[PDB]
Amino acid sequence: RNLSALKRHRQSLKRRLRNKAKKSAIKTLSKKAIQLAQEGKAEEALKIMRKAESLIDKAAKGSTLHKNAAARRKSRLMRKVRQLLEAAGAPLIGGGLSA
Amino acid sequence: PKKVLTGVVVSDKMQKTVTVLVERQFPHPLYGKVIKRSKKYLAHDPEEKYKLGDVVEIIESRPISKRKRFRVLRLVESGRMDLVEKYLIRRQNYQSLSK
Amino acid sequence: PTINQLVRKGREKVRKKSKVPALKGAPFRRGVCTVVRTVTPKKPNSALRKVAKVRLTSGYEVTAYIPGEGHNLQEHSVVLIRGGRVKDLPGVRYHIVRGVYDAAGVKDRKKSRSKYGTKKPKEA
Amino acid sequence: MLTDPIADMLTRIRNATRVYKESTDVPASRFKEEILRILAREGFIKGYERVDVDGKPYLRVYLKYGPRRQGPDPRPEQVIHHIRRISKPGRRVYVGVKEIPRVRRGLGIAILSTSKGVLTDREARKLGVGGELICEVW
Amino acid sequence: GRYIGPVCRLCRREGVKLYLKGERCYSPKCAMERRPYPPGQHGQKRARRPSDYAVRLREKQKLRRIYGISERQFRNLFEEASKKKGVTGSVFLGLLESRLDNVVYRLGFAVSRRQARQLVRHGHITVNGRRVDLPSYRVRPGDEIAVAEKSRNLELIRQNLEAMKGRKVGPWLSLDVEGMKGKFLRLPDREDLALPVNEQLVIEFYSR
Amino acid sequence: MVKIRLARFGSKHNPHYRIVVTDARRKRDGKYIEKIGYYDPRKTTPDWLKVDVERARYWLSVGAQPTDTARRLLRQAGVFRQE
RNA sequence: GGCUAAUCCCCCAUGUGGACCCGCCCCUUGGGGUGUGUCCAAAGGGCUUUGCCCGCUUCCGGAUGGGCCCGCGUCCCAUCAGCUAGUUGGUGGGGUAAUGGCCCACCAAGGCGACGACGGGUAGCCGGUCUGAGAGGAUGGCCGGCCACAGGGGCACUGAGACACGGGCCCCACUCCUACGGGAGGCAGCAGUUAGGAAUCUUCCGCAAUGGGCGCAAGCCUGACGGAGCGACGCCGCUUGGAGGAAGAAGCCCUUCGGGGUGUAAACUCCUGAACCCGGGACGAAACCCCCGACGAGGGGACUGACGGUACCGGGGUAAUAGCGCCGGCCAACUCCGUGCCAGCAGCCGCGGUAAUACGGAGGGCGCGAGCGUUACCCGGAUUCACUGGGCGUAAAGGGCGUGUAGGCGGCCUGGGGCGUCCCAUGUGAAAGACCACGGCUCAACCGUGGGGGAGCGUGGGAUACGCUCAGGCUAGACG
Ligand SMILES: [Mg+2]
Ligand SMILES: [Mg+2]
Ligand SMILES: [Mg+2]
Ligand SMILES: [Mg+2]
Ligand SMILES: [Mg+2]
Ligand SMILES: [Mg+2]
Ligand SMILES: [Mg+2]
Ligand SMILES: [Mg+2]
Ligand SMILES: [Mg+2]
Ligand SMILES: [Mg+2]
Ligand SMILES: [Mg+2]
Ligand SMILES: [Mg+2]
Ligand SMILES: [Mg+2]
Ligand SMILES: [Mg+2]
Ligand SMILES: [Mg+2]
Ligand SMILES: [Mg+2]
Ligand SMILES: [Mg+2]
Ligand SMILES: [Mg+2]
Ligand SMILES: [Mg+2]
Ligand SMILES: [Mg+2]
Ligand SMILES: [Mg+2]
Ligand SMILES: [Mg+2]
Ligand SMILES: [Mg+2]
Ligand SMILES: [Mg+2]
Ligand SMILES: [Mg+2]
Ligand SMILES: [Mg+2]
Ligand SMILES: [Mg+2]
Ligand SMILES: [Mg+2]
Ligand SMILES: [Mg+2]
Ligand SMILES: [Mg+2]
Ligand SMILES: [Mg+2]
Ligand SMILES: [Mg+2]
Ligand SMILES: [Mg+2]
Ligand SMILES: [Mg+2]
Ligand SMILES: [Mg+2]
Ligand SMILES: [Mg+2]
Ligand SMILES: [Mg+2]
Ligand SMILES: [Mg+2]
Ligand SMILES: [Mg+2]
Ligand SMILES: [Mg+2]
Ligand SMILES: [Mg+2]
Ligand SMILES: [Mg+2]
Ligand SMILES: [Mg+2]
Ligand SMILES: [Mg+2]
Ligand SMILES: [Mg+2]
Ligand SMILES: [Mg+2]
Ligand SMILES: [Mg+2]
Ligand SMILES: [Mg+2]
Ligand SMILES: [Mg+2]
Ligand SMILES: [Mg+2]
Ligand SMILES: [Mg+2]
Ligand SMILES: [Mg+2]
Ligand SMILES: [Mg+2]
Ligand SMILES: [Mg+2]
Ligand SMILES: [Mg+2]
Ligand SMILES: [Mg+2]
Ligand SMILES: [Mg+2]
Ligand SMILES: [Mg+2]
Ligand SMILES: [Mg+2]
Ligand SMILES: [Mg+2]
Ligand SMILES: [Mg+2]
Ligand SMILES: [Mg+2]
Ligand SMILES: [Mg+2]
Ligand SMILES: [Mg+2]
Ligand SMILES: [Mg+2]
Ligand SMILES: [Mg+2]
Ligand SMILES: [Mg+2]
Ligand SMILES: [Mg+2]
Ligand SMILES: [Mg+2]
Ligand SMILES: [Mg+2]
Ligand SMILES: [Mg+2]
Ligand SMILES: [Mg+2]
Ligand SMILES: [Mg+2]
Ligand SMILES: [Mg+2]
Ligand SMILES: [Mg+2]
Ligand SMILES: [Mg+2]
Ligand SMILES: [Mg+2]
Ligand SMILES: [Mg+2]
Ligand SMILES: [Mg+2]
Ligand SMILES: [Mg+2]
Ligand SMILES: [Mg+2]
Ligand SMILES: [Mg+2]
Ligand SMILES: [Mg+2]
Ligand SMILES: [Mg+2]
Ligand SMILES: [Mg+2]
Ligand SMILES: [Mg+2]
Ligand SMILES: [Mg+2]
Ligand SMILES: [Mg+2]
Ligand SMILES: [Mg+2]
Ligand SMILES: [Mg+2]
Ligand SMILES: [Zn+2]
């Protein structure tokens with residue numbers, strides 16, 4: 001009995017609590033941006049969207065949120081931000097997106 | 001070679017979709033006679049261009065939905081309702097032979 | 001039949017039905033005896049045939065013929081079932097393996113010892 | 001309606017020869033004419049010719065038989081010992097080029113309708129094509 | 001293990017002379033002389049007409065007993081001959097003649113077939129410089145079949161080759177009597193063998 | 001990792017190897033991609049090793065990794081010899 | 001609760017490049033290029049420490065491996081005829097590496113079925129294998145490919161990759177520990193135990209080979225594997241002697257009592273030398289490694305055995321296992337005695353109620369022979385489900401008759417198309433097996449090398465007789 005593959009399981013749990021955490025952050029930022037786009041605040045929503053994109057690419061850096069899943073999240077995020085922004089648009093910051 | 005078939009549009013009633021009937025001849029594997037069997041494919045009509053009774057070509061496509069893997073390539077011969085009437089009569093014959 | 005009729009309905013394969021539900025399709029099946037009996041034969045013959053009712057390891061209850069001249073088989077002895085019917089005794093669809101598990105081979109049998117299961121004698 | 005003209009012609013010939021007739025009138029068509037041409041070239045019939053029966057076109061097939069024989073039944077030996085349609089409506093028969101049969105170990109013929117026309121078995125094999133296997137004759 | 005026991009009783013049962021005794025099937029003692037009838041209590045009785053299966057069976061038995069093989073190798077070699085190109089009967093006979101022990105008998109090294117099988121089995125026989133003790137070994141055309149120098153001093157071999165002086169050898173064979181060599185030139189054809197056997201009957205026997 | 005190794009295809013006490021290109025994760029006697037030689041350890045024939053070098057050169061150019069024994073046999077036929 | 005290191009984790013910078021929204025272009029489903037804007041990188045260790053090695057980061061591509069999709073093929077029951085509510089489609093959304101009712105909300109009312117839906121029964125599938133003249137039938141053990149499962153059921157985490165046999169969570173059954181609160185388990189891995197069963201092996205040897213995982217390497221791990229063991233379970237090869245030897249010993253058998261048989265068979269004469277004894281004794285093994293050359297090429301060198309002192313070679317050497325089935329016909333092999341519708345044989349026909357070639361023994365014979373029989377099962381014969389290849393007046397079989405739906409089938413002439421049909425080229429048809437040739441173990445079984453073949457499907461091209469289709473025409477069928 002007592003095979004040291006147990007170690008893997010141990011490590012597994014660690015990695016779980018990492019990935020989860022990161023992922024949660026992403027989501028909580030994404031909504032935070034989208035809401036502000038729905039309420040017509042261009043600059044703040046843009047800032048939050050930039051932070052969210054950075055977080056997404058950093059999660060893609062590790063085994064948490066790797067290949068084009070991250071591109072999916074970024075594409076959906078920027079699409080919804082630019083679309084929701086078009087209610088008396090006024091793209092204040094203009095940084096996060098292409099003019 | 002993405003498979004290309006030819007059939008008659010036998011059902012209109014769906015949104016952005018047509019039901020096509022595609023026939024096929026082949027020799028019976030033992031008794032050798034030429035037997036003719038048909039099959040209904042669901043084709044994707046994006047512009048609602050094709051109507052009932054049209055003879056169209058169907059092309060193997062990236063799946064649009066469940067049961068939908070083909071798109072209407074082009075119109076071949078428009079408006080021969082005799083085949084449609086044959087299909088309708090065959091389906092209507094099912095009212096008998098039950099109880 | 002027309003060719004079109006053969007396309008529509010086609011020839012029907014004929015199913016075989018096993019004459020021997022000595023189950024699992026096994027070559028032999030061991031069981032325990034219930035009766036050791038002497039039975040009268042069918043119309044054209046006349047004799048006293050030694051048979052045995054058997055409960056089987058397959059949960060079956062059959063009747064088997066006792067080959068040879070004399071048998072040591074009794075009411076509660078275990079035996080093996082070989083299969084094969086007796087033409088003149090309706091009911092016995094199986095035979096008994098002699099020299100196996102309780103049923104010693106035929107004594108003073110010197111001609112055919114593969115069947116009837118008796119060991120080779122010695123010549124002084 | 002007549003449902004198989006080719007088999008009908010073959011049977012007309014079969015019956016006419018079985019009663020030792022001199023000729024037989026078969027309703028005329030180009031395909032029948034080709035079959036008859038192959039037969040005449042292969043020596044199974046004396047020949048044939050177009051004719052008009054009550055204004056409708058027909059084909060007079062002149063059959064040939066053997067010599068009169070000895071003993072009982074002096075009826076001459078048949079030249080068309082056997083004729084049999086193979087690919088009939090309801091079960092069409094098609095053969096490749098390796099699937100062309102040798103009729104009666106070569107003493108007979110197999111008539112094929114191929115892309116290059118109506119040929120015999122030897123003709124189709126030397127031409128290298130297959131097609132619809134119409135009939136055996138030997 | 002092939003058939004081992006009284007032999008000339010098979011000289012009698014087949015009704016024809018098959019010299020598996022070597023000598024003494026030549027001198028007036030084969031028991032085919034003055035006793036041609038089959039063995040047993042019913043030997044001298046009248047022979048009822050044999051069925052077709054009987055004829056085919058006795059012919060195949062005649063052949064197999066002549067060559068001394070078992071039915072297993074016999075039938076397997078027969079299937080082998082049937083698969084090859086050519087007449088099954090002549091090919092079968094040539095394959096039986098290609099047996100090493102039968103070649104040793106054909107080259108006159110041994111008096112009989114069984115003696116040749118023993119001379120092979122004990123390693124007294126050389127094939128292309130090497131020893132072979134397998135009687136079922138097949139000799140290809142061109143192989144040299146000699147006697148190992150260890151056995152060249154043997155009295156039996158010198159006796160047999162002493163009698164082989166002036167005697168003739170099969171047309172598909174050749175031998176040097178002093179050097180005890182020999183050569184399987186070619187496969188013998190149906191005519192080359194004087195076997196009193198109708199091979200078509202063996203073929204018809206294995207048809208069933 | 002696609003590799004180049006040996007598959008034992010002889011019989012008991014009669015080993016015969018096929019020098020073979022295959023993914024390392026399959027059985028050593030299982031399905032392979034290409035058969036690019038055969039090795040006979042007992043050397044019972046005049047030719048007991050053949051390679052067809054240029055194919056091995058290709059498969060090495062794409063990243064196959066030969067076994068130490070496979071590499072030894074490939075070098076014996078000069079897949080690596082570059083003069 | 002406290003301390004601490006790193007190729008563990010985080011932030012910033014550099015942006016080769018990449019990702020994303022928007023615009024443009026070329027392509028055409030989400031392919032490629034481009035512009036601006038936003039976001040994104042990393043790690044060190046080792047020595048012969050001035051250089052190299054083992055690594056790390058972003059990206060393009062290659063390779064191998066897979067995911068998803070589609071045409072076609074894939075058992076039985078119609079005494080299973082209607083099935084369907086995420087069910088069919090749409091819009092938007094979620095999820096994934098990726099399409100998708102995969103999931104979700106809203107909208108539409110669809111989808112499938114006699115060309116076998118739905119239901120029930122059975123079943124891993126294939127390369128192949130067995131049989132068969134072939135078509136076909138049957139089968140899928142072993143080897144190879146794919147799938148599925150890891151006590152039963154569900155679920156996700158980690159990761160390039162799992163919904164994970166020797167990982168995790170929960171429910172259920174069972175076994176074990178228990179301080180009664182709670183725990184530990186998972187051989188369909190190699191042996192082995194037990195149960196069940198007619199029945200299926202050693203708790204073996206070994207890392208020497210081949211392959212795998214990690215490592216710079218040395219090396220470690222490997223019940224994959226290479227061998228050995230047990231079982232006539234199969235295949236193949238081999239022995240139980242060879243030659244001489246009586247018009248023919250005894251015994252046994254039959255008899256017409258004269259004899260016939262066992263039978264050259266034995267005894268015996270000579271020769272060879274299975275076993276066992278003695279000695280030599282392997283191939284499988286060359287790299288990794290060392291050293292020269294620059295850790296390359298190249299050259300050369302050296303360590304490395306389970307099998308096993310086995311295979312094999314040389315020497316010596318003894319005549320030294322035979323059994324099983326059958327003998328009425330099919331079917332090859334016959335007599336005597338004994339038993340008397342008893343005792344029994346039997347695949348079918350049938351034997352035995354006083355001469356039994358059919359029961360039991362003997363003698364003799366036939367068939368095979370380290371086998372021979374039996375049972376079960378598959379194909380065969382069986383043209384007895386008939387495509388090849390059958391039938392329906394009286395033998396099984398014309399439906400009581402009609403009307404007509406679907407379907408099947410379609411007169412003559414011309415033309416267009418080229419769907420069937422045919423031809424060529426090519427791709428695919430893995431390996432093994434099968435076939436052919438050569439070869440390696442003294443032969444074979446076994447194995448290697450090479451060659452050939454191949455239905456089907458993909459693509460390109462061609463032919464148009466027939467079938468089809470479209471257009472036109474005709475009157476012999478049909479109708480008026
Ligand atoms: Mg570890
Ligand atoms: Mg939150
Ligand atoms: Mg992941
Ligand atoms: Mg519509
Ligand atoms: Mg859709
Ligand atoms: Mg309905
Ligand atoms: Mg009676
Ligand atoms: Mg032959
Ligand atoms: Mg010659
Ligand atoms: Mg045969
Ligand atoms: Mg794999
Ligand atoms: Mg190179
Ligand atoms: Mg702490
Ligand atoms: Mg702590
Ligand atoms: Mg600290
Ligand atoms: Mg890191
Ligand atoms: Mg940065
Ligand atoms: Mg740049
Ligand atoms: Mg930029
Ligand atoms: Mg539901
Ligand atoms: Mg819903
Ligand atoms: Mg909508
Ligand atoms: Mg969607
Ligand atoms: Mg259908
Ligand atoms: Mg099952
Ligand atoms: Mg065969
Ligand atoms: Mg199957
Ligand atoms: Mg399987
Ligand atoms: Mg196994
Ligand atoms: Mg399960
Ligand atoms: Mg489970
Ligand atoms: Mg990993
Ligand atoms: Mg995943
Ligand atoms: Mg699983
Ligand atoms: Mg386990
Ligand atoms: Mg595991
Ligand atoms: Mg646990
Ligand atoms: Mg038990
Ligand atoms: Mg084993
Ligand atoms: Mg190793
Ligand atoms: Mg290794
Ligand atoms: Mg070092
Ligand atoms: Mg260990
Ligand atoms: Mg093993
Ligand atoms: Mg036994
Ligand atoms: Mg054997
Ligand atoms: Mg006497
Ligand atoms: Mg003797
Ligand atoms: Mg001696
Ligand atoms: Mg060695
Ligand atoms: Mg060596
Ligand atoms: Mg140096
Ligand atoms: Mg070197
Ligand atoms: Mg080593
Ligand atoms: Mg040793
Ligand atoms: Mg010796
Ligand atoms: Mg003796
Ligand atoms: Mg007889
Ligand atoms: Mg008997
Ligand atoms: Mg009496
Ligand atoms: Mg009597
Ligand atoms: Mg009587
Ligand atoms: Mg008797
Ligand atoms: Mg009998
Ligand atoms: Mg008897
Ligand atoms: Mg006897
Ligand atoms: Mg057996
Ligand atoms: Mg049968
Ligand atoms: Mg049949
Ligand atoms: Mg037949
Ligand atoms: Mg029947
Ligand atoms: Mg028929
Ligand atoms: Mg009949
Ligand atoms: Mg009647
Ligand atoms: Mg009747
Ligand atoms: Mg009637
Ligand atoms: Mg009636
Ligand atoms: Mg109609
Ligand atoms: Mg027509
Ligand atoms: Mg039609
Ligand atoms: Mg075409
Ligand atoms: Mg091809
Ligand atoms: Mg092949
Ligand atoms: Mg091969
Ligand atoms: Mg050889
Ligand atoms: Mg084509
Ligand atoms: Mg044309
Ligand atoms: Mg035309
Ligand atoms: Mg018209
Ligand atoms: Mg008119
Ligand atoms: Zn003799």
# chains A, B, ... in the order shown; residues from 1 in each chain; ligands from 1
>>> residues_around(residues="residue 171 of chain E", least_positions_apart="6", cutoff="10 Å", atoms="only C-alpha atoms (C1' of nucleotides)", output="ChimeraX atom specification")
/E:184-188,192-193
>>> write_last_selection(atoms="N, CA, C and O atoms", output="compact mmCIF listing (two decimals), in the first residue's frame")
# COMPACT_ATOMS: atom_id res chain seq x y z
N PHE E 184 21.46 -37.10 -57.15
CA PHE E 184 20.05 -37.01 -57.54
C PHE E 184 19.97 -36.07 -58.73
O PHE E 184 19.83 -34.85 -58.58
N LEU E 185 20.08 -36.64 -59.93
CA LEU E 185 20.16 -35.82 -61.14
C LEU E 185 18.88 -35.03 -61.36
O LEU E 185 18.90 -33.80 -61.45
N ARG E 186 17.75 -35.73 -61.43
CA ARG E 186 16.47 -35.10 -61.70
C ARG E 186 15.36 -35.88 -61.02
O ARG E 186 15.57 -36.98 -60.50
N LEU E 187 14.18 -35.29 -61.02
CA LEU E 187 13.00 -35.97 -60.51
C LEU E 187 12.57 -37.06 -61.49
O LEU E 187 12.48 -36.79 -62.70
N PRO E 188 12.30 -38.27 -61.02
CA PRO E 188 11.83 -39.33 -61.92
C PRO E 188 10.38 -39.11 -62.32
O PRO E 188 9.54 -38.69 -61.52
N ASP E 192 9.73 -43.47 -65.44
CA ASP E 192 10.98 -43.84 -64.77
C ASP E 192 10.75 -44.89 -63.69
O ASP E 192 11.61 -45.74 -63.47
N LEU E 193 9.61 -44.84 -63.01
CA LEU E 193 9.28 -45.81 -61.98
C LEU E 193 8.51 -46.97 -62.57
O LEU E 193 7.64 -46.79 -63.43
>>> residues_near_ligand(ligand="ligand 59", cutoff="9 Å", atoms="only C-alpha atoms (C1' of nucleotides) and all ligand atoms", output="VMD selection string")
(chain C and resid 112) or (chain G and resid 326 345 to 346 358 to 359)
>>> write_last_selection(atoms="N, CA, C and O atoms (P, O5', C5', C4', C3', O3' and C1' of nucleotides)", output="PDB file, in the first residue's frame")
ATOM      1  N   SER C 112     -14.310 -53.456 -26.327  1.00  0.00           N
ATOM      2  CA  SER C 112     -14.372 -52.014 -26.561  1.00  0.00           C
ATOM      3  C   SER C 112     -14.330 -51.322 -25.203  1.00  0.00           C
ATOM      4  O   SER C 112     -15.359 -51.188 -24.534  1.00  0.00           O
TER       5      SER C 112
ATOM      6  P     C G 326     -15.741 -50.114 -31.378  1.00  0.00           P
ATOM      7  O5'   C G 326     -15.821 -50.669 -32.870  1.00  0.00           O
ATOM      8  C5'   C G 326     -16.379 -49.884 -33.913  1.00  0.00           C
ATOM      9  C4'   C G 326     -15.910 -50.348 -35.269  1.00  0.00           C
ATOM     10  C3'   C G 326     -16.304 -51.764 -35.661  1.00  0.00           C
ATOM     11  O3'   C G 326     -17.624 -51.839 -36.170  1.00  0.00           O
ATOM     12  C1'   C G 326     -14.007 -51.415 -36.131  1.00  0.00           C
ATOM     13  P     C G 345     -26.120 -52.007 -24.265  1.00  0.00           P
ATOM     14  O5'   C G 345     -25.899 -52.144 -25.837  1.00  0.00           O
ATOM     15  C5'   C G 345     -24.676 -52.647 -26.356  1.00  0.00           C
ATOM     16  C4'   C G 345     -24.739 -52.833 -27.853  1.00  0.00           C
ATOM     17  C3'   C G 345     -25.036 -51.589 -28.673  1.00  0.00           C
ATOM     18  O3'   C G 345     -23.898 -50.767 -28.864  1.00  0.00           O
ATOM     19  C1'   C G 345     -26.361 -53.387 -29.449  1.00  0.00           C
ATOM     20  P     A G 346     -24.037 -49.168 -28.781  1.00  0.00           P
ATOM     21  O5'   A G 346     -25.066 -48.807 -29.943  1.00  0.00           O
ATOM     22  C5'   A G 346     -24.683 -48.874 -31.309  1.00  0.00           C
ATOM     23  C4'   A G 346     -25.856 -48.621 -32.222  1.00  0.00           C
ATOM     24  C3'   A G 346     -26.599 -47.312 -32.000  1.00  0.00           C
ATOM     25  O3'   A G 346     -25.977 -46.207 -32.628  1.00  0.00           O
ATOM     26  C1'   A G 346     -28.155 -49.077 -32.117  1.00  0.00           C
ATOM     27  P     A G 358     -23.508 -61.609 -35.928  1.00  0.00           P
ATOM     28  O5'   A G 358     -23.648 -60.083 -36.360  1.00  0.00           O
ATOM     29  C5'   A G 358     -22.668 -59.123 -35.981  1.00  0.00           C
ATOM     30  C4'   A G 358     -23.300 -57.850 -35.470  1.00  0.00           C
ATOM     31  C3'   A G 358     -24.190 -58.011 -34.239  1.00  0.00           C
ATOM     32  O3'   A G 358     -24.081 -56.846 -33.421  1.00  0.00           O
ATOM     33  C1'   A G 358     -25.458 -57.109 -36.015  1.00  0.00           C
ATOM     34  P     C G 359     -22.916 -56.734 -32.316  1.00  0.00           P
ATOM     35  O5'   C G 359     -23.607 -57.238 -30.971  1.00  0.00           O
ATOM     36  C5'   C G 359     -24.457 -56.388 -30.214  1.00  0.00           C
ATOM     37  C4'   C G 359     -24.956 -57.087 -28.975  1.00  0.00           C
ATOM     38  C3'   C G 359     -23.878 -57.739 -28.118  1.00  0.00           C
ATOM     39  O3'   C G 359     -23.277 -56.828 -27.211  1.00  0.00           O
ATOM     40  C1'   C G 359     -25.610 -59.297 -28.522  1.00  0.00           C
TER      41        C G 359
END
>>> residues_near_ligand(ligand="ligand 37", cutoff="12 Å", atoms="only C-alpha atoms (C1' of nucleotides) and all ligand atoms", output="count of residues only")
11
>>> residues_near_ligand(ligand="ligand 35", cutoff="8 Å", atoms="only C-alpha atoms (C1' of nucleotides) and all ligand atoms", output="VMD selection string")
chain G and resid 165 to 166 186 to 187 189
>>> write_last_selection(atoms="N, CA and C atoms (P, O5', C5', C4', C3', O3' and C1' of nucleotides)", output="PDB file, in the first residue's frame")
ATOM      1  P     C G 165      -8.381   4.162 -16.742  1.00  0.00           P
ATOM      2  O5'   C G 165      -8.842   3.351 -15.452  1.00  0.00           O
ATOM      3  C5'   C G 165      -7.952   3.168 -14.365  1.00  0.00           C
ATOM      4  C4'   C G 165      -8.293   1.938 -13.571  1.00  0.00           C
ATOM      5  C3'   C G 165      -7.352   1.637 -12.419  1.00  0.00           C
ATOM      6  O3'   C G 165      -7.642   2.401 -11.265  1.00  0.00           O
ATOM      7  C1'   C G 165      -7.667  -0.318 -13.688  1.00  0.00           C
ATOM      8  P     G G 166      -6.549   3.436 -10.708  1.00  0.00           P
ATOM      9  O5'   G G 166      -5.429   2.494 -10.083  1.00  0.00           O
ATOM     10  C5'   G G 166      -5.746   1.588  -9.039  1.00  0.00           C
ATOM     11  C4'   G G 166      -4.508   0.937  -8.482  1.00  0.00           C
ATOM     12  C3'   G G 166      -3.276   1.823  -8.399  1.00  0.00           C
ATOM     13  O3'   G G 166      -3.276   2.665  -7.262  1.00  0.00           O
ATOM     14  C1'   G G 166      -2.690  -0.237  -9.382  1.00  0.00           C
ATOM     15  P     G G 186      -7.875  -0.517  -3.017  1.00  0.00           P
ATOM     16  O5'   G G 186      -7.990  -1.539  -4.226  1.00  0.00           O
ATOM     17  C5'   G G 186      -7.991  -2.937  -3.970  1.00  0.00           C
ATOM     18  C4'   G G 186      -9.102  -3.638  -4.708  1.00  0.00           C
ATOM     19  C3'   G G 186      -9.300  -3.194  -6.154  1.00  0.00           C
ATOM     20  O3'   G G 186      -9.635  -4.325  -6.947  1.00  0.00           O
ATOM     21  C1'   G G 186     -11.318  -2.923  -4.964  1.00  0.00           C
ATOM     22  P     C G 187      -8.651  -4.782  -8.126  1.00  0.00           P
ATOM     23  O5'   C G 187      -9.417  -5.992  -8.813  1.00  0.00           O
ATOM     24  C5'   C G 187      -9.108  -7.330  -8.463  1.00  0.00           C
ATOM     25  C4'   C G 187      -8.066  -7.900  -9.388  1.00  0.00           C
ATOM     26  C3'   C G 187      -8.304  -9.324  -9.859  1.00  0.00           C
ATOM     27  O3'   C G 187      -9.233  -9.390 -10.928  1.00  0.00           O
ATOM     28  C1'   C G 187      -6.073  -9.110  -9.128  1.00  0.00           C
ATOM     29  P     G G 189      -7.188  -7.092 -13.768  1.00  0.00           P
ATOM     30  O5'   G G 189      -5.644  -7.397 -14.009  1.00  0.00           O
ATOM     31  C5'   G G 189      -5.157  -7.636 -15.321  1.00  0.00           C
ATOM     32  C4'   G G 189      -3.666  -7.437 -15.424  1.00  0.00           C
ATOM     33  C3'   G G 189      -2.808  -8.652 -15.098  1.00  0.00           C
ATOM     34  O3'   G G 189      -2.660  -9.536 -16.202  1.00  0.00           O
ATOM     35  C1'   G G 189      -1.986  -6.768 -13.928  1.00  0.00           C
TER      36        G G 189
END
>>> closest_residue(among="G:425, G:238, G:341, G:162", to="chain E", atoms="only C-alpha atoms (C1' of nucleotides)")
G:238
>>> interface_residues(of="chain D", to="chain B", cutoff="9 Å", atoms="only C-alpha atoms", output="list in words")
residues 89, 90, 91, 92 and 93 of chain D
>>> residues_around(residues="residue 71 of chain A", least_positions_apart="6", cutoff="12 Å", atoms="only C-alpha atoms (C1' of nucleotides)", output="MDAnalysis selection string")
(chainID A and resid 53:54 56:60 65 77:79) or (chainID G and resid 18:21 39:40 97)
>>> interface_residues(of="chain E", to="chain G", cutoff="7 Å", atoms="only C-alpha atoms (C1' of nucleotides)", output="MDAnalysis selection string")
chainID E and resid 1 6 40:41 54 114:115 118 131:132 134 136:137 156
>>> select_by_dssp(residues="chain B", states="strand (DSSP E)", output="JSON, numbers by chain")
{"B": [4, 5, 6, 7, 8, 9, 10, 11, 17, 18, 19, 20, 21, 22, 23, 24, 25, 26, 27, 34, 35, 36, 37, 38, 39, 40, 41, 42, 43, 44, 55, 56, 57, 58, 59, 60, 61, 62, 63, 64, 65, 68, 69, 70, 71, 72, 73, 74, 75, 76, 77]}
>>> residues_near_ligand(ligand="ligand 22", cutoff="10 Å", atoms="only C-alpha atoms (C1' of nucleotides) and all ligand atoms", output="ChimeraX atom specification")
/G:90-92,106-108
>>> select_by_dssp(residues="segment 12-93 of chain D", states="alpha helix (DSSP H)", output="number ranges by chain")
D: 12-18, 30-42
>>> atom_distance(atom1="atom CA of residue 74 of chain C", atom2="atom CA of residue 24 of chain C")
26.8 Å
>>> residues_near_ligand(ligand="ligand 17", cutoff="9 Å", atoms="only C-alpha atoms (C1' of nucleotides) and all ligand atoms", output="ChimeraX atom specification")
/G:12-15,39-41
>>> write_last_selection(atoms="C-alpha atoms (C1' of nucleotides)", output="PDB file, in the first residue's frame")
ATOM      1  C1'   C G  12       7.421  45.731 -13.576  1.00  0.00           C
ATOM      2  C1'   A G  13      10.481  46.361 -17.867  1.00  0.00           C
ATOM      3  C1'   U G  14      12.194  44.849 -22.982  1.00  0.00           C
ATOM      4  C1'   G G  15       7.641  43.250 -27.935  1.00  0.00           C
ATOM      5  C1'   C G  39      -2.776  42.928 -23.422  1.00  0.00           C
ATOM      6  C1'   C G  40       1.057  39.176 -23.146  1.00  0.00           C
ATOM      7  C1'   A G  41       7.143  36.718 -22.324  1.00  0.00           C
TER       8        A G  41
END
>>> residues_near_ligand(ligand="ligand 19", cutoff="10 Å", atoms="only C-alpha atoms (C1' of nucleotides) and all ligand atoms", output="PyMOL selection string")
(chain A and resi 98) or (chain G and resi 15+35-38)
>>> residues_near_ligand(ligand="ligand 6", cutoff="10 Å", atoms="only C-alpha atoms (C1' of nucleotides) and all ligand atoms", output="MDAnalysis selection string")
(chainID B and resid 91:96) or (chainID G and resid 82:83 113)
>>> residues_near_ligand(ligand="ligand 89", cutoff="10 Å", atoms="only C-alpha atoms (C1' of nucleotides) and all ligand atoms", output="JSON, numbers by chain")
{"G": [471, 472, 473, 474]}
